[PDB]
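**Q** Starting from these lines, generate the structure:
(2 chains)
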Amino acid sequence: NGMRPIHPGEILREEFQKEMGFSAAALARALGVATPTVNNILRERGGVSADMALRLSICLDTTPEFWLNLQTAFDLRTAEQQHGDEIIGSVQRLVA
Amino acid sequence: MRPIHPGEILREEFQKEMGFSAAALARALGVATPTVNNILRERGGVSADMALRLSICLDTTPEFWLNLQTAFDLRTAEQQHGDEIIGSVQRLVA
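**A** Residues are numbered from 1 along each chain as shown, chains lettered A, B, ... in the order given. Below, you will see the structure:
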């Protein structure tokens, strides 16, 4: 298929939210961002930016790489799933 | 630590080394020459799609490029909005 893309919002929701019990608005206030931004990420609609990842790391006690690496892994897995065969068929390696 | 754009690594460690033109790279990548130039000139970032293309083309992993991009964006964010971020975020209370 292969392995399912994991949106950072899934981690935010399943591992942080489900346990700590915060609302979207509560998280937003602590992040210093607007609630709709948080709403987008939790619903896995919007990605995590460098600014957001820094905010999350302070707010939830993580590194900011944790979040951006989740984002790029998701984005890569998605690009592979969506465009992987087309890319493999159209790119030539360059050794000189 | 100041930021390193992935395009600098593409330009200095691959282009300068192997001596290809921007156009030759774009042809091999299956993309437009201005798309390559925007990275080489450090005006734009490397997307997942571009990272995949580069990885095939230059025998790298795609993560190699994305992690360079992630590092650049974080370092940049910290350098320009770090104080603003520290001043506006509170540890969430469980």
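**Q** Now do the same contact list for residue A:29.
**A** residue B:90 (Cβ atoms under 8 Å, 6 or more residues apart in numbering or on different chains). Placement of C-beta: from N, CA and C, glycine included.
**Q** so it is in which element?
**A** Following DSSP states H and E, one finds residue A:29 within helix A:24-31.
**Q** can you list the residues of chain A near chain B?
**A** Proximity of chain A to chain B (Cβ under 8 Å from any Cβ of the partner chain) is limited to residues A:20-22, A:26-27, A:29-32, A:49-51, A:53-55, A:58-61, A:64-65, A:68-69, A:72, A:75-76, A:78-80, A:83-84, A:87-88, A:90-96.
**Q** ChimeraX command for the buried members of the residues you listed?
**A** Remark: buried members of these, expressed as a ChimeraX selection using 16 or more other Cβ atoms under 10 Å in any protein chain shown:
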select /A:22,26,27,29,30,31,32,49,50,51,53,54,55,58,59,60,64,68,69,72,75,76,79,80,84,87,91,94
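**Q** thinking residue A:46 is in contact with residue A:38, fair?
**A** No: judged on Cβ atoms under 8 Å, residue A:46 makes no contact with residue A:38 at a distance of 9.2 Å.
**Q** higher neighbour count, the two?
**A** residue A:38 (26 against 17; other Cβ atoms under 10 Å in any protein chain shown).
**Q** The more buried one contacts residue A:32, correct?
**A** No: under the criterion of Cβ under 8 Å, residue A:38 makes no contact with residue A:32, lying 11.0 Å away.
**Q** contacting residues for the residue in chain A positioned nearest to chain B?
**A** Nearest residue of chain A to chain B (Cβ to the nearest Cβ) works out as residue A:32 at 3.4 Å. Applying Cβ under 8 Å, 6+ apart, we find residue A:32 in contact with A:55, B:85, B:88, B:89, B:90.
**Q** Pull the contacting residues for residue A:44.
**A** Neighbours of residue A:44 in contact, by Cβ under 8 Å, 6+ apart: A:7, A:9, A:10.
**Q** So which of those are in helices?
**A** A:9, A:10 (DSSP state H).
**Q** circling back: filter the residues of chain A next to chain B down to the ones in helices?
**A** A:20, A:26-27, A:29-31, A:50-51, A:53-55, A:58-60, A:64-65, A:68-69, A:72, A:75-76, A:78-80, A:83-84, A:87-88, A:90.
**Q** Quick one: residues contacting residue A:40.
**A** By Cβ under 8 Å, 6+ apart, the neighbours of residue A:40 are A:9, A:46.
**Q** same thing but 6 Å
**A** Residue A:40 makes contact with residue A:46, according to Cβ atoms under 6 Å, 6 or more residues apart in numbering or on different chains.
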